[PDB]
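Residue numbers (our numbering), protein chains in the order written: chain A, 1 to 49; chain B, 50 to 97; chain C, 98 to 324; chain D, 325 to 615; chain E, 616 to 915; chain F, 916 to 1216; chain G, 1217 to 1392.
In what follows, a single structure is set out as structure tokens and then discussed.
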Amino acid sequence: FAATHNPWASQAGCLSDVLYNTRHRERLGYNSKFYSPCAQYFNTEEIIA
Amino acid sequence: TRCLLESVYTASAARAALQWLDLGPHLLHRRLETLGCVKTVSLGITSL
Amino acid sequence: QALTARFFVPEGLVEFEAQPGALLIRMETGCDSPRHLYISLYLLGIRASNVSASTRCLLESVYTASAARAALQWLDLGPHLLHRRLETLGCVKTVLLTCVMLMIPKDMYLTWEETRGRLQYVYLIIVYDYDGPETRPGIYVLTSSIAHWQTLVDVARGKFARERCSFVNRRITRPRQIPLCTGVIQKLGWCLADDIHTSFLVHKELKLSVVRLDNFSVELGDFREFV
Amino acid sequence: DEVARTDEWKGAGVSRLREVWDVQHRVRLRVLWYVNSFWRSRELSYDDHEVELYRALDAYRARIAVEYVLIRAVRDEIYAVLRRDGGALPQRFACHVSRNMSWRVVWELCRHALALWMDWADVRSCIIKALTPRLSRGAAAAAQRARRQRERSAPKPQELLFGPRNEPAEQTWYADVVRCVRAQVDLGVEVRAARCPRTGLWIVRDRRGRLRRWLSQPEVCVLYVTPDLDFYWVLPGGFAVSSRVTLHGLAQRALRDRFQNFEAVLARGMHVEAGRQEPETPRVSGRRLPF
Amino acid sequence: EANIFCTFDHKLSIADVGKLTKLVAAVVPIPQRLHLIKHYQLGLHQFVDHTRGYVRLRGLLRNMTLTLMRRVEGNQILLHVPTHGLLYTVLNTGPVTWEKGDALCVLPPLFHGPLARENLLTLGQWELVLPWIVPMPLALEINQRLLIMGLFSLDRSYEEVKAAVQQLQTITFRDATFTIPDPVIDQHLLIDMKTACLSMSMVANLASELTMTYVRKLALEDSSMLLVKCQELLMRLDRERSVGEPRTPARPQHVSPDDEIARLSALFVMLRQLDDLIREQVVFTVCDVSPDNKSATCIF
Amino acid sequence: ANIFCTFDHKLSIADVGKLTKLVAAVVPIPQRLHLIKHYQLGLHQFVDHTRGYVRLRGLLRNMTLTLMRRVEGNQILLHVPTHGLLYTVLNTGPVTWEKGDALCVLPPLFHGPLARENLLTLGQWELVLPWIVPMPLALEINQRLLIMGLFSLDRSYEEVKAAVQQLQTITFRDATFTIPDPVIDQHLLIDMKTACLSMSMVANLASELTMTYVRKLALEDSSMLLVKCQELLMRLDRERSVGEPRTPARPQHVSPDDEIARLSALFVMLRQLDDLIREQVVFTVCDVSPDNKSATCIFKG
Amino acid sequence: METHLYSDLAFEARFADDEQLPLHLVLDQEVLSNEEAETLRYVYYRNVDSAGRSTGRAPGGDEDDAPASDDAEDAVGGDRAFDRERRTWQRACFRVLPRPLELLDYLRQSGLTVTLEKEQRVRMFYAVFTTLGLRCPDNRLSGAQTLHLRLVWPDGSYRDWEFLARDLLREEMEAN
């Protein structure tokens, strides 16, 4: 119940949500062939779907 | 009709092909090459 | 299907009342020993201001009785207090009489349409004028094709603007006199468009211009007041 | 029983009724003087000193004079820019020419035309209808929108691949048409404007869509003004005096209250929702019943 | 008289009769109360008009007659008007939940937001639009909200009323969001505002002098949360009225029980006159609700 | 359409005999089930110390009422009434009836009386029955208890004590009652408090909003009625501000979020009064039994 | 006629606020067209001092006296000049009688006591009734004030007439 154990990761538009959310990653421009193990936790626009 | 059929072709490959069309110095006729008309689809994860 | 109501009526009100098309209304009298009297609506006609003075003279010359006298006294006590006293019971079937739970005078009957609607509800409307000495209660009986109550109140305001400004004139001129409402809408049932016949009536060797309503289905309505 | 105010106001009536006039003697309307107004009981004082009425006349003179001195500013702007280039104006408008034709007479017609336009200016002219939509709030908002829009950097391929897409087709100009052979000028011309694909010159058209053909007529002359308040003055042959309209010599509040586009309040007949299709106007009838 | 026969100029295919056969015990409006009726005046399609007024549709619908849809058999409809009093069953398609205990009203339908625009009947150009059956608190809520929209928005430019009605048109009622499509002002809406202003003027006039200062007394006595909100509202209205200090009240002189009875009875009359603008009379009183919230049994 | 209502508790045959005298009377039930426990029967589930009368009227407004028909060895055969059909209702109300009266149903005021419902009770359950009162007495007693609620704040003086002493004593045809005061232990009950504060604040917002709104509509087409409305409000202002300080400076400009909140607040505070404003009629009588012990009444609603 | 009573009552109501005396006006075919009169939405008015340019702006001058600098972004003072101009105008009450009449005879059809020094029979084709209010700042009023008048139609166009207040009060105010 203590919210947001990382302020730099849990927030929408944080450092992680621009480094590991794929919608931010392709807008930054990233190589899609490389695997990101964090990406499954950060495609939250797909998680809500 | 342009804004119509652009709205259906929103894909990462389609816009890449659109950039490759107008990127180079060549005109289209020195670049393009027909294959004919298509008869059957495969509709897979890649299409055949 | 009919709901029966048997009545012990004295002989001081049997004038103009042997016909079936009669409506008895239980009004709370000023005297407490009967506590109420079953007045006729034709006695509400003679008190009213909208009617003709010829029919008023007819109603005087047909109701020289102490019962109608005292009933006129007990309705003449409260200025515009009639809706806090008057309470209907339904139409007479046959006269000591029976009543269900239709004739009408020509002058108090009115319409705001061309009476070509097939189904037509009937309503009673009192209005309280204040540009007279104290209060002119105008009685009205209205057949109309409208069915929803509130738009009937809006078209009544559209037709009774004189009564509304007279009401607010009474409010702004006499502060110690507090009036309740301009009047009361209350439905009684509905008829078809065909049974309304403007005809004649002869009762107690006396002449009358009547409007008869044959297929009158009766439904009691509440005294829904309106300004 | 207190008499309500409407009764003795009705029985009070009117003392007198007279007509008045406007300043320019164009409008006559009648005033009504009820004896039962509280203005009668307010016993208020009155004085009219001469320097106060003189200040009123000078303020009214400036309030009239704003658009006329704007027209004069436009005229000596034309004079300064024809003195600036030396008098050799280029072409901005797409229409062919003929070499074997004396241009001295169409130059003289241009001089006579700008003269006749100076004689026949109006508070309702081309530039006034041009700058009236500039006074709106949406004009400032769209000015900010265009200033961020045209001054936007070249896009990276990332938004070309994944970003949403981008979208200023034709202009809505106003014009004065001065016809010298009939000595008739024109004040309000609505005209659509566009650019040719082959050349950068302008093409003018009717607001329906018809091509405007007065540029071929040699005796006529035209003045174009743009929604961003640029300025063209075209004699036949498509050659155009080109400048901007100067208004820094005019005060802000005088131009702002003398004429201004008006934003409407909600009344009977319009939607509470903005931009919905409007139904029929109320239109009280002298032909039907009032009902 | 009771059973009302309608027809169709066009043939129905199997799809049309299939989507008609799931419309049994749905209430449709009929304007005429006649026997041999026709399908173009059936429903609200002849009366629906965008950019014309929701309040016009509301007034004509509350003036329209209502009937129940039962037993199509191919180019026949068999509308049956419900008698007054007897228990009937209803089947609503309006995306609003119901309750076994409340009452109902009938309103012109709003757009829910998915924007389906297919009420499972269309004959050429002609379509069927069904009036929404709405539980009583949502009905009086949308009535009072369109009344505030009509009462507030006069003599205002578009931006301030737009900022008002972007949050005023939305209503969240039992996990469902609704918006009013056509709030456009009407002459009929003007006569509603007329009755509204006359009624609130009359309750301003003949109210007692102690009730005009009662909330000041309860403010000086007790502090509660709704009382704190009431003091906030009343003192903000006072400082919008007068920057002076509102004085404390003393022993009221004119105490008279018959006076309070008379003036508050006339006050109750005038509050009835004001409330009957928005308080619509009921049309259905629920005996039972189906668990899928599609059908119900209502006593009227 | 009959309801069965059983008792979990032991009942004597003498309890049946003191039960069967209430043979045809109204009971409230909260919602219609085919079989219902007796703990939902009657207003005993709602009545307590700190709710008050207006809660009972509001929850009685939507409580479905049911005539009693028969008593069995353990269960009670209830019969729900229908619209327009006649029935037989016994006058357990404290006021006699006459022919042609209009009857409403209101909660009783003698909670825990000397009769104790003629001693019909149970372990932590007393069966309480609502009064069936004629409509004019119902509306005037509602007004009487409301103006009792207004003077309940200012009970310091003694002439207000004499006025409320007049207010307790009611008058009717061979009927007199001492109406119980809603203020108890020098404080009002919460329902009367919110009802009266909402009524007074509706009067306040009306008196301070009607001028700007009659102006807002009077910029349109005008009539005599809005003129006399404005004149009436001028009479109120000229009899109202005779001691208040001059120049209060009411502005014609006011931000929209104020007045939309004002209008919605006025509407919700009048909206919470219509349980006591409207008196929804439920019965009228077509014939009264002698000694007014019962009456053949026709159901409304 | 009906706006005159209400506007008299309302300017008596608001006289503590703005100190505007009411001014009942009638207009005819000599000012506006019948097509302009049959659909005239509303009328605006603004009292302008001989030295003060409004009553909605600040009295001792205003910051809008600095000239417009031919700027693209904020055209003329931005939107602050615009809603200041929306504040500087005021709406008046308003009625239209489209069928022709004669105000002597027509005001005799209404219950008023038409008491004029001489019956100049004036005829008009359509009578539009309004009432403005001109602002004496204190109780004292100056004659060199002027009063403007907008007439606004549903298309959005407007017609602008103004006149200085002494011409309304040449023989009326010197009579007192």
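A virtual CB, placed ideally from N, CA and C, is assigned to each residue, including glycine.
Checklist entry - Looking at chain D, which residues of the stretch 247-271 of chain C have a Cβ within less than 9 Å of any of its Cβ atoms? => result Residues passing the 9 Å Cβ filter: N266, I269, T270, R271.
Item to check | Contacts of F767 of chain E in chain F (Cβ-Cβ under 8 Å) | outcome: Residue numbering aside, residue 767 of chain E sits at position 152 when the fifth sequence is read from its first letter. Contact of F767 of chain E with chain F by beta-carbon distance below 8 Å involves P1171, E1174, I1175, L1178.
Checklist entry - Hey, how far is the Cα of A253 of chain C from the Cα of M1116 of chain F? => result What you label residue 253 of chain C is simply residue 156 of the third sequence in a count that begins at 1. What you label residue 1116 of chain F is simply residue 201 of the sixth sequence in a count that begins at 1. Answer to the nearest angstrom: the Cα atoms are 31 Å apart.
Item to check | Nearest-angstrom Cα separation, counted from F883 of chain E out to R1059 of chain F | outcome: Residue mapping note: residue 1059 of chain F aligns to position 144 of the sixth sequence, counting from 1. Residue mapping note: residue 883 of chain E aligns to position 268 of the fifth sequence, counting from 1. Cα-Cα distance, rounded: 13 Å.
Checklist entry - Hey, does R607 of chain D have any beta-carbon neighbour from chain F nearer than 9 Å? => result For the purposes of this step, residue 607 of chain D is taken as the residue at position 283 of the fourth sequence. No, no contact with chain F.
Checklist entry - How would you write the range of the beta strand (DSSP E) that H1364 of chain G sits in, first residue to last? => result For the purposes of this step, residue 1364 of chain G is taken as residue 148 along the seventh sequence, with counting starting at 1. Taken as a continuous stretch (DSSP letters only), the beta strand (DSSP E) holding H1364 of chain G covers 1362-1368.
Checklist entry - From which residue to which residue does the beta strand (DSSP E) around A258 of chain C run? => result What you label residue 258 of chain C is simply residue 161 of the third sequence in a count that begins at 1. Going by DSSP, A258 of chain C is part of no beta strand (DSSP E) but of the alpha helix (DSSP H) stretching over 258-270.
Checklist entry - Which term fits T863 of chain E, buried or exposed, when burial requires 16 or more other beta carbons within 10 angstroms of its beta carbon? => result Residue 863 of chain E sits at position 248 when you count from the first residue of the fifth sequence. The residue in question, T863 of chain E, is exposed, as its Cβ has fewer than 16 Cβ neighbours within 10 Å.
Checklist entry - Any residues in the stretch 583-600 of chain D with a beta carbon nearer than 8 Å to a beta carbon of chain E? Which ones, in chain order? => result The stretch 583-600 of chain D vs chain E, Cβ under 8 Å: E587, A588, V589, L590, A591, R592, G593, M594, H595, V596, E597, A598, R600.
Item to check | Where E26 of chain A meets chain D, residues with beta-carbon distance less than 8 Å | outcome: The count along the first sequence starts at 1 and reaches residue 26 of chain A at position 26. Per Cβ cutoff of 8 Å: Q482, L485, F486.
Item to check | Start-to-end residues for the beta strand (DSSP E) that takes in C812 of chain E | outcome: Along the fifth sequence, one-based indexing puts residue 812 of chain E at 197. From DSSP, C812 of chain E is part of no beta strand (DSSP E) but of the alpha helix (DSSP H) over 802-820.
Checklist entry - At a Cβ threshold of 9 Å, is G13 of chain A touching chain D? => result Here the question's residue 13 of chain A lines up with position 13 in the first sequence. Between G13 of chain A and chain D, the shortest Cβ-Cβ separation is not below 9 Å.
Item to check | Backbone CA spacing between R531 of chain D and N1392 of chain G [nearest angstrom] | outcome: Counting from 1 along the fourth sequence, the entry for residue 531 of chain D is found at position 207. Counting from 1 along the seventh sequence, the entry for residue 1392 of chain G is found at position 176. About 59 Å.
Next on the checklist: If I measure Cβ to Cβ from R153 of chain C and keep anything under 6 Å in the same chain, skipping five residues before and after, which residues do I get?
Outcome noted: Here residue 153 of chain C is taken as the residue at index 56 of the third sequence, counted from 1. Here the set comprises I143.
Checklist entry - According to a CB-to-CB cut-off of less than 8 Å, which residues of the stretch 161-188 of chain C neighbour chain E? => result Under the 8 Å Cβ criterion, the stretch 161-188 of chain C contributes no residue.
Next on the checklist: So, does the stretch 546-556 of chain D touch the stretch 494-513 of chain D, judging by three or more C-beta pairs under 8 Å?
Outcome noted: Segments in contact, yes.
Checklist entry - In this structure, does DSSP put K33 of chain A in helix, strand or coil? => result Here residue 33 of chain A corresponds to residue number 33 of the first sequence, with the count starting at 1. Coil, per DSSP.
Checklist entry - Which residues, in order along the stretch 966-988 of chain F, keep a beta-carbon less than 7 Å from a beta-carbon of chain E? => result Within the stretch 966-988 of chain F, the qualifying residues are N977.
Item to check | Euclidean distance between Cα positions of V942 of chain F and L1021 of chain F | outcome: Taking the first residue of the sixth sequence as 1, we reach residue 942 of chain F at position 27. Taking the first residue of the sixth sequence as 1, we reach residue 1021 of chain F at position 106. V942 of chain F and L1021 of chain F: Cα-Cα distance of roughly 12 Å.
Checklist entry - Hey, out of C:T212, C:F323, C:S163, whose CA is closest to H294 of chain C's CA? => result Walking along the third sequence from the start, residue 294 of chain C turns up at place 197. Among C:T212, C:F323, C:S163, the Cα nearest to that of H294 of chain C is on C:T212.
Next on the checklist: Below 8 Å on C-beta distance, what does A1164 of chain F contact in chain E?
Outcome noted: For the purposes of this step, residue 1164 of chain F is taken as residue 249 along the sixth sequence, with counting starting at 1. Residues of chain E passing the Cβ test: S857, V858.
Item to check | N-terminal and C-terminal residue of the alpha helix (DSSP H) that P752 of chain E is part of | outcome: The count along the fifth sequence starts at 1 and reaches residue 752 of chain E at position 137. Where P752 of chain E is concerned, the enclosing alpha helix (DSSP H) stretches over 751-767.
Checklist entry - According to the neighbour-count rule (16 or more other Cβ atoms, all chains shown, within 10 Å of its Cβ), is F1214 of chain F buried or exposed? => result Here residue 1214 of chain F is taken as the residue at index 299 of the sixth sequence, counted from 1. Counting Cβ neighbours within 10 Å, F1214 of chain F comes out buried, since at least 16 surround it.
Checklist entry - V1183 of chain F versus chain D: which residues are under 9 Å apart at the beta carbon? => result Position 268 of the sixth sequence, counting from 1, holds the residue named residue 1183 of chain F. For a Cβ distance threshold of 9 Å, nothing in chain D lies close to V1183 of chain F: the least Cβ distance comes to about 21 Å.
Next on the checklist: Short of 8 Å in beta carbon distance, which residues of its chain neighbour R267 of chain C, apart from the five on each side in sequence? Order them along the chain.
Outcome noted: As a position in the third sequence, residue 267 of chain C is number 170, starting the count at 1. Residues of the same chain with a CB within less than 8 Å of the CB of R267 of chain C, apart from the 5 flanking positions on each side, are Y227, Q274, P276 in chain order.
Item to check | Chain-order list of residues whose beta-carbon lies under 8 Å from that of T1007 of chain F (same chain, five-residue window excluded) | outcome: Here residue 1007 of chain F refers to the residue found at position 92 when the sixth sequence is read from its first residue. Residues of the same chain with a CB within less than 8 Å of the CB of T1007 of chain F, apart from the 5 flanking positions on each side, are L937, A940, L1044, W1046, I1047 in chain order.
Checklist entry - Quick one: does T794 of chain E have its CB under 9 Å from some CB of chain F? => result Locating residue 794 of chain E in the fifth sequence gives position 179, counting from the first residue. Judged by the 9 Å Cβ criterion, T794 of chain E is not in contact with chain F.
Checklist entry - Per DSSP, which one or two residues make a beta bridge with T496 of chain D? => result Here residue 496 of chain D is taken as the residue at index 172 of the fourth sequence, counted from 1. According to DSSP, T496 of chain D bridges with D:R516.
Checklist entry - Which chain D residues are close to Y1374 of chain G, counting only those with a beta carbon under 8 Å from its beta carbon? => result Sequence index remark: in the seventh sequence, residue 1374 of chain G carries index 158 (1-based). Here the neighbours are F586.
Item to check | Neighbouring residues, chain D, relative to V1129 of chain F (Cβ below 7 Å) | outcome: As a position in the sixth sequence, residue 1129 of chain F is number 214, starting the count at 1. Annotation: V1129 of chain F has no Cβ neighbours in chain D at a cutoff of 7 Å; minimum Cβ distance is about 16 Å.
Item to check | One or two residues paired with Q990 of chain F in a DSSP bridge | outcome: Position 75 of the sixth sequence holds residue 990 of chain F. Partner(s): F:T921.
Checklist entry - Are the C-beta of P945 of chain F and some C-beta of chain E separated by less than 9 Å? => result As a working mapping, residue 945 of chain F is identified with position 30 in the sixth sequence. Closer than 9 Å: yes.
Checklist entry - Where does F1182 of chain F fall in DSSP's three states? => result Looking up residue 1182 of chain F in the sixth sequence gives position 267. Of the three classes helix, strand and coil, the one that applies to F1182 of chain F here is helix, per DSSP.
Item to check | Helix, strand or coil at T912 of chain E [DSSP, three-state] | outcome: The residue you call residue 912 of chain E lines up with position 297 of the fifth sequence. Looking at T912 of chain E - three-state DSSP - the assignment turns out to be strand.
Checklist entry - Of all the CB atoms in chain C, is at least one closer than 9 Å to the CB of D581 of chain D? => result Here residue 581 of chain D corresponds to residue number 257 of the fourth sequence, with the count starting at 1. No, because no Cβ of chain C sits closer than 9 Å to the Cβ of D581 of chain D.
Item to check | Listed by chain order, chain F residues near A1253 of chain G by CB distance under 8 Å | outcome: As a first step, residue 1253 of chain G must be located in the seventh sequence, where it is residue number 37. By Cβ distance, chain F contributes nothing, its closest Cβ being about 15 Å from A1253 of chain G, past 8 Å.
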